[PDB]
Amino acid sequence: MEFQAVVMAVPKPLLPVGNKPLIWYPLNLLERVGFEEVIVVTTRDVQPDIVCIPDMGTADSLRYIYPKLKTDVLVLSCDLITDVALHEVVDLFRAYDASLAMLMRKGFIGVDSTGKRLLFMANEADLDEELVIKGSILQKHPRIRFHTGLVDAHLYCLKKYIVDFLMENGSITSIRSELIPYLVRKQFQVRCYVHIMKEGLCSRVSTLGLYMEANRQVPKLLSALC
Amino acid sequence: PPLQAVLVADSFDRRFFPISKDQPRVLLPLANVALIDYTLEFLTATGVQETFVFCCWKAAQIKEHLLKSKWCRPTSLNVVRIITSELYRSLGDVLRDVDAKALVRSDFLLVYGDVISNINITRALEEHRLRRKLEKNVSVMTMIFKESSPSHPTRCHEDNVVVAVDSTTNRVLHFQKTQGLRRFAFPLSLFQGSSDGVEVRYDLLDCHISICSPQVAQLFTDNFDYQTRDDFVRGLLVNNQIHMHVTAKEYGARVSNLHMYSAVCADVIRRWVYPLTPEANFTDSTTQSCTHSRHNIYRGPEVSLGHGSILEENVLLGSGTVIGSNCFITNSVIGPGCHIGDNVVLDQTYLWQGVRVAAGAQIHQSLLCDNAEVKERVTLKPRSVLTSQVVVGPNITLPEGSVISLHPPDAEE
Amino acid sequence: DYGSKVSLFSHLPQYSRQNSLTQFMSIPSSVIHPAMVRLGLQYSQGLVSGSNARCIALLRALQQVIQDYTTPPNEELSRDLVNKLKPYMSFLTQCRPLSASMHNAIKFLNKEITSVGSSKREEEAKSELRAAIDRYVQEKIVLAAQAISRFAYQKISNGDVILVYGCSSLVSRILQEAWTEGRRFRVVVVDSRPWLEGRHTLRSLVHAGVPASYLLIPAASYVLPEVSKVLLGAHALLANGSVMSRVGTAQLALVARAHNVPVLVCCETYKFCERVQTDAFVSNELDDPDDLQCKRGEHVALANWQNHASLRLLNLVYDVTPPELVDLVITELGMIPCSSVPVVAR
Amino acid sequence: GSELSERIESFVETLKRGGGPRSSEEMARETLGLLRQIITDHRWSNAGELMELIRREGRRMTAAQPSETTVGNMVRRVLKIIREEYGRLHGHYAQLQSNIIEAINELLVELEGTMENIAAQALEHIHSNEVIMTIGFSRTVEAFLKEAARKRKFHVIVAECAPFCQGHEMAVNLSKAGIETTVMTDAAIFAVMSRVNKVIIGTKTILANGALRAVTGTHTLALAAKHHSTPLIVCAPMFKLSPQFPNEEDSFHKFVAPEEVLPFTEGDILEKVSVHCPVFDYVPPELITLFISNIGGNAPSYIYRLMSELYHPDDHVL
Amino acid sequence: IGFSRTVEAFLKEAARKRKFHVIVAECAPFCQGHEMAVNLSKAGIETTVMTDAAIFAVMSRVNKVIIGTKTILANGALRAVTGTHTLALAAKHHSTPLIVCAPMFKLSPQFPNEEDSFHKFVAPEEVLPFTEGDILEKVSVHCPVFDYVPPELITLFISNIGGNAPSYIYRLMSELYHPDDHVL
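Okay, here's the thing in structure tokens:
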């Protein structure tokens with residue numbers, strides 16, 4: 001096929030967000046454009074086709093399920109309530125033949162003038178004082194746009210050789226914290301692209317405030333979803 | 041209120057100091073026209089009605105040359121005032137003098153004496169005034185840039201800068217040079233203090249043209265440690286706001302070194318600074334008349350071109366020049382009164398007035414000053430500067446980077 | 172369709188670059204192979220625009236599809252492969268109209284598939300199909316280009332002034348090979364809005380050390396008197412001797428004839444078409460009219476052209492060139508007159 | 008006093024450093040006003056010194072910008088008026130100034146009337162269901178089309194110039210009045226042939242042998258019209274008649290900065306690439322069919338006859 | 168111009184789908200074009216007819232010219248009815264393409280070798296009536312029915328194998344007739 005739809009989720026997945034389980038929303042989003050096979054990794058809380078496997085971080089589970097996958101893997105998060113069409117992010121991976129497709133929404158990363166290619170990325174913790182950019186990136190890309198108020202949906206379209214490389218080394222444990230920055234710094297062929305919606309929800313439930321905001325935001329989405 | 045401008049004739053740096061022992065930098069001819077004439081023409085075309093000229097060293101020559109220019113005629117719309125003082129040592133000194141003399145009363149332009157541009161400031165000044173009035177005098181400087189490519193020949197490594205601006209409202213937040221720098225660094229204040237556009241631009245050419253404010257001189261005088269404008273703009277964004290503007294269809298550059306001088310001269314020859322062209326005769330001088338031909342070939346009166354000579358590309362020839370037979374001149378500028386020999390090959394070579402070249406000489410990418418002489422069977426390597434009155438003999442070859450001057454300490458003799 | 176078309180071109184589609192149809196499609200595409208949908212997305216986005224590049228990409232996608240194709244039970248491969256490939260061709264045509272090279276490639280592939288033996292094993296069928304496709308690609312592109320360049324090298328002399336228009340992978344190869352062999356000359360590059368594809372070949376010539384000049388098509392009359400020869404590319408060869416190419420070619424040939432300048436056309440034998448055309452109205456391709464907008468001065472004059480009912484924007488791409496304005500045609504088999512291409516093509 | 012001189016240098020500077028009035032009619036009107044003011048507030052006891060002064064001012068104006076042959080025509084017309092008045096009077126020295134002022138005023142009135150005179154002849158050469166093509170932006174062809182379209186209905190195709198896309202403004206202005214215009218590039222000019230019934234265009238000036246100077250790309254249009262045997266009618270007023278034959282004229286076209294053709298942000302390839310951006314071009318007289326002016330349509334072979342009256346032969350060199 | 172069955176079938180077949188205008192030119196000796204004009208008029212085609220003297224006068228709004236022929240020479244020339252040479256000249260002057268649809272059996276492998284029998288002559292009665300008077304003994308009247316059209320005035324040739332250029336006739340001749348039988 002073309003994607004594997006990894007829905008890694010390692024009773025948080027069964028939280029009553031909008032009178033439905035928290036894991037239902039990513040599953041419902043996936044079961045709207047094909048995706049007849051789904052691989053779900055979680056603990057002993059399991060209840073369209075779903076393949077569960079009780080088991084850690086993200087790269088460890090990806091290596092655990094490495095034999096099962098045979099093509100590109102679509103990494104999805106357990107807590108993700110979005111109303112954006114997946115085609116907007118799939119087109120970047122398809123037309124440009126990129127190695128990674130990423131999705132952000134407005135509330157450090159660097160994008161070019163078009164605002165669809167990822168050039169630089171560094172969190173506040175990694176850098177001590179000074180944000181340093183190599184002269185080569187500025188030579189190839191003169192204008193760089195920086196965004197500081199973006200959130201991450203944990204939606205990545207990985208390739209096959211990326212997973213093959215991740216398999217042989219266990220140093221990387223969290224994908225979001227070690228894999229994407231590695232690809233960003235390695236390309237300066298490896299290409300990384302990002303997509304910004306700027307008008308949707310892209311809500312990732314990870315705190316009490318986000319929990320209550322998601323509760324407020326469910327009903328109008330559900331009025332059209334169902 | 042009428043528009044005013046301040047012109048700094050003396051360049052306090054010594055970049056052009058194999059040759060400046062006889063003539064100032066402003067009087068160096070680019071296309072047989074002085075750089076100060078180019079700056080005065082640009083100021084007059086942009087709308088300046090009063091220009092202040094500050095001269096520090098070799099002031100007599102500049103003063104006597106300005107009076108002969110058309111800008112000093114009674115029927116002029118741009119009054120030029122010449123101020124001479126031997127105590128000047130940097131731009132900060134002249135700015136403090138202007139502050140003490142109360143010469144300026146409103147927004148004025150601060151440009152050097154070797155700036156060649158055709159930018160008409162009529163919208164950048166308007167938005168600068170609008171944002172000064174709206175916020176009640178928080179913006180003090182509106183620097184002018186030009187969008188270009190980092191690989192352009194007009195972007196010298198000694199005049200390459202990287203800045204971080206706000207996309208919403210054009211305002212400079214960081215300014216630093218890139219001389220011998222590989223990994224540039226930007227402070228965290230921009231990202232962690234504000235938002236809505238913190239983009240970084242590395243495609244801007246420094247035109248060295250700025251729109252100043254009456255309080256800029258007072259800020260310069262308050263701190264008795266400012267010498268150049270770069271130090272002022274670096275120290276202001278340490279605590285008043287500095288904004289910026291970008292042009293896309295016009296041209297602007299300041300001659301600082303030999304490489305940039307050659308690049309600007311080549312751009313001028315190729316009509317990149319239209320309408321400021323050699324055949325336009327903006328100086329209103331009878332001895333600088335010229336006619337435009339195919340392949341950007343310019344010929345003046347009494348060219349006396351010989352038989353067999355080929356002008357392959359854009360060539361500027363002065364009045365009274367003499368050209369032999371079987372010559373080959375391309376991408377070269379020849380001053381008035383020159384006497385070229387036979388079988389002489391010129392490529393990217395600049396010749397001033399009074400230069401005599403013997404037959405069989407091969408000159409490539411060299412510069413010859415006034416009254417320079419070259420004997421027969423002499424080959425000049427690229428980037429070989431010859432000062433005024435050089436009598437280099439025959440059967441000699443100058444290596445790359447060779448400089449010959451009458452003064453003993455200046456390399457060779 | 173997008174916008175309103177003119178009366179003279181009401182029989183031709185006019186699509187939009189932003190009206191991508193992949194939105195109403197399943198992400199793990201099954202009705203259409205992922206290679207075809209990726210190729211269609213690339214074609215719509217304009218990533219691939221060369222005449223040979225599009226054919227190469229189409230053949231590569233077809234080879235990829237053949238590699239991962241399984242035969243349905245109780246059904247011959249030769250009887251169903253064409254029926255399965257037809258919707259892919261329809262989808263590709265919907266994304267962007269095809270060219271002569273793509274039509275020839277798909278016709279050759281259909282002929283190959285129909286000739287596959289019934290008793291041949293499926294893996295053998297796939298392997299031989301891939302080998303035949305690779306051999307066809309080789310002999311029709313990389314063996315023809317060398318022969319065309321060798322033939323054209325004899326017509327280039329020192330001191331010549333060659334004028335070229337647009338972007339062509341064959342003309343550029345000829346010029347680079349001629350410069351590398353030892354010929355010394357200069358090239359003239361002509362561009363027209365809004366594609367401005369000649370900048371690519373200008374940059375290629377600059378990086379190769381060949382002197383070049385740049386100007387627009389309205390000023391070609393000023394530079395033609397100093398031009399010695401005119402070299403132009405061809406997109407398709409018709410059965411009546413005419414040449415189909417970029418829209419800025421026929422008028423360039425006419426002006427060159429008015430200035431008494433020979434016109435040379437280089438094309439391959441696999442681009443021949445069994446069609447007869449006289450004008451660029453019976454068969455043409457219309458692009459996005461929004462590309463005609465220009466940023467001149469401080470605003471765009473055609474920002475709201477759709478608000479005017481009497482305002483129309485026309486975006487012709489191809490045109491025909493009469494044989495009277497063509498002097499020499501160079502193919503992979505030898506130098507021939509323009510009025511003798513049907514004899515050798517068929 | 009000094010006001011006349013100040014206006015003279017202001018006019019010279021605004022002619023040299025850049026463009027002046029957008030329309031040529033306003034330029035001619037202000038040139039005539041400047042010449043009248045020069046004649047009025049100057050000290051001249053005889054006609055000869057007045058003609059010498061006028062010739063010197065005309066030479067200065069021509070040297071300011073030789074690409075435009077508009078001020079020189081006014082200078083030549085004023086000189087012809089001076090010569091005619093001198094021949095009428097001497098053939125004196127008392128009422129010459131009043132006659133000159135009256136001649137200038139009547140010339141200005143006629144120049145104002147040329148626009149209506151040209152526009153009044155729109156229905157004769159234009160019929161219904163016709164295809165008309167124009168290149169660039171012209172204030173005379175626009176008036177012609179708008180006057181002809183108020184009683185009939187036809188189709189107009191407008192092609193913009195590649196460096197200066199001024200045809201978009203013409204197309205918008207026409208479509209605002211319901212003409213059903215079309216916008217296309219210069220590349221698709223030969224393709225659009227064989228369907229156009231008539232060609233109506235303007236010109237900057239008209240040469241002596243019937244040739245004319247127009248915007249770039251007009252030569253290709255004329256060649257296509259000749260190839261397809263379509264008529265080519267040019268509408269131009271009487272002040273565009275240049276009394277100089279086409280010489281070598283290496284500077285006939287106006288060359289501008291290569292920024293319009295090639296952007297400055299191309300890179301390092303700009304140091305070894307020659308870019309030329311001519312504005313005007315030369316059209317041979319054999320490719321023109323009719324010449325429409327304010328006194329009626331005339332053949333290209335009547336240009337010398339039309340010029341002989343306007344300008345004295347001794348003033349051709351000015 | 169004239170009456171051609173092939174041209175009539177070509178024109179009447181495309182009238183069902185599209186509507187156009189047809190201009191028919193008569194023939195001065197025998198007005199056989201009027202029969203074609205009325206046949207096309209009784210087809211919903213909206214045709215018109217006129218004399219032979221207005222061929223060049225109305226050669227401005229005509230976008231395409233389709234005519235027949237009696238035979239095709241070895242150099243691509245044609246032998247059509249009289250007055251077709253003027254039509255071809257007008258089409259060339261106005262750059263209007265002239266395309267001729269002729270069958271494959273009208274291909275004659277011969278050249279116009281000054282035979283002088285190219286235009287057969289008939290009785291001068293059709294031109295000048297016998298009842299003119301006594302002036303018939305001095306006036307010499309010639310009534311040719313065919314004209315010579317050079318191949319340079321032909322744009323396309325419709326055949327059963329598709330439209331062919333006038334320069335492709337020799338290729339068909341090489342495969343149609345043996346070169347030893349050209350003399351017969």
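Protein chains in written order, with the entry's author numbering: chain J, 1 to 10, 24 to 60, 73 to 80, 84 to 135, 157 to 237, 297 to 334; chain B, 41 to 279, 285 to 458; chain F, 172 to 517; chain C, 8 to 98, 125 to 351; chain D, 168 to 351.
Yeah, the Cβ is synthetic: ideal placement off N, Cα and C, and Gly gets one too.
Can you give me the start and stop residues for the alpha helix (DSSP H) that residue i sits inside?
i: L42 (chain J); result: 37–43
i: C95 (chain B); result: From DSSP, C95 (chain B) is part of no alpha helix (DSSP H) but of the beta strand (DSSP E) over 90–95.
i: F262 (chain F); result: 248–266
i: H260 (chain D); result: 251–260
i: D213 (chain J); result: 209–217
i: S343 (chain F); result: 340–352
i: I227 (chain F); result: 222–238
Output, in chain order, the set of chain J residues within a Cβ distance shorter than 7 Å of residue i.
i: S197 (chain F); result: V46, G47
Can you tell me which residues form a DSSP beta bridge with residue i?
i: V308 (chain C); result: F:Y385
i: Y315 (chain C); result: C:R246
i: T375 (chain B); result: B:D392
i: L457 (chain F); result: F:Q185, F:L487
i: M166 (chain C); result: C:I190, C:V232
In chain C, what lies closer than 7 Å to residue i by C-beta?
i: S208 (chain D); result: Near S208 (chain D) there are no residues of chain C at all, since even the closest Cβ is about 23 Å away, more than 7 Å.
i: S262 (chain D); result: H260, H261, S262
i: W317 (chain B); result: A290, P291
In chain E, which residues lie with their C-beta within 8 Å of the C-beta of residue i?
i: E2 (chain J); result: Annotation note: the requested chain E is absent from the structure, which comprises protein chains J, B, F, C and D.
Please compile the residues from chain C whose C-beta is within a distance smaller than 8 Å of the C-beta of residue i.
i: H406 (chain F); result: By Cβ distance, chain C contributes nothing, its closest Cβ being about 14 Å from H406 (chain F), past 8 Å.
Could you tell me which chain B residues have their CB closer than 9 Å to the CB of residue i, listed as they occur along the chain?
i: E178 (chain J); result: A225, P227, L228
i: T298 (chain C); result: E187, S188, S189, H192, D243, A293
So with CB distances below 8 Å, who are the chain F contacts of residue i?
i: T38 (chain C); result: The premise fails here: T38 (chain C) is roughly 27 Å from chain F at the closest Cβ pair, so nothing lies under 8 Å.
i: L114 (chain J); result: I198
i: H252 (chain C); result: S392, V426
i: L245 (chain D); result: Correct list: empty, because the minimum Cβ distance to chain F is about 18 Å.
Using a C-beta to C-beta distance shorter than 9 Å, which residues of chain F count as neighbours of residue i?
i: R338 (chain D); result: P513, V514
Determine the extent of the beta strand (DSSP E) in which residue i is found, giving its start and end residues.
i: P276 (chain D); result: No beta strand (DSSP E) contains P276 (chain D), which DSSP labels as neither H nor E.
In chain B, what lies closer than 8 Å to residue i by C-beta?
i: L303 (chain C); result: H192, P193
Can you name the residues of chain J whose CB is closer than 9 Å to the CB of residue i?
i: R209 (chain F); result: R122, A123, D125
Review point. Counting pairs of Cβ atoms below 8 Å between the segment 228–241 of chain B and the segment 190–208 of chain J, do you hit three or more?
Key: Yes, since at least three Cβ pairs between the segment 228–241 of chain B and the segment 190–208 of chain J fall closer than 8 Å, the two stretches touch.
Check your understanding: Counting Cβ pairs, one atom from each stretch, are 3 or more of them under 8 Å apart for the segment 419–436 of chain B and the segment 392–408 of chain B?
Key -> Verdict: yes, contact present.
**Study point:** 4 or more residues per run - each alpha helix (DSSP H) lying fully within the segment 111–175 of chain B
**Key:** Entirely contained in the segment 111–175 of chain B, the alpha helix (DSSP H) runs reaching 4 residues are, in chain order, 131–141, 164–174.
Exercise for review: Determine contact between the segment 83–102 of chain B and the segment 151–168 of chain B, defined as no fewer than three beta-carbon pairs at a distance below 8 Å.
Suggested key: Taking one beta carbon from each stretch, the segment 83–102 of chain B and the segment 151–168 of chain B have 3 or more pairs nearer than 8 Å; the two touch.
Point to revise | Whole runs of the alpha helix (DSSP H) within the segment 204–255 of chain B, excluding any shorter than 4 residues | key: Qualifying alpha helix (DSSP H) stretches, in chain order: 229–233.
Review point. Any chance the segment 62–72 of chain B sits against the segment 106–116 of chain B, with 3 or more Cβ pairs inside 8 Å?
Key: Between the segment 62–72 of chain B and the segment 106–116 of chain B, the count of Cβ pairs shorter than 8 Å is below three; the stretches do not touch.
Check your understanding: Which parts of the segment 94–118 of chain J are runs of the alpha helix (DSSP H), unbroken and 4 residues or longer, counting only runs that do not cross its ends?
Key -> If we require 4 residues or more, the segment 94–118 of chain J turns out to have no alpha helix (DSSP H) run fully inside it.
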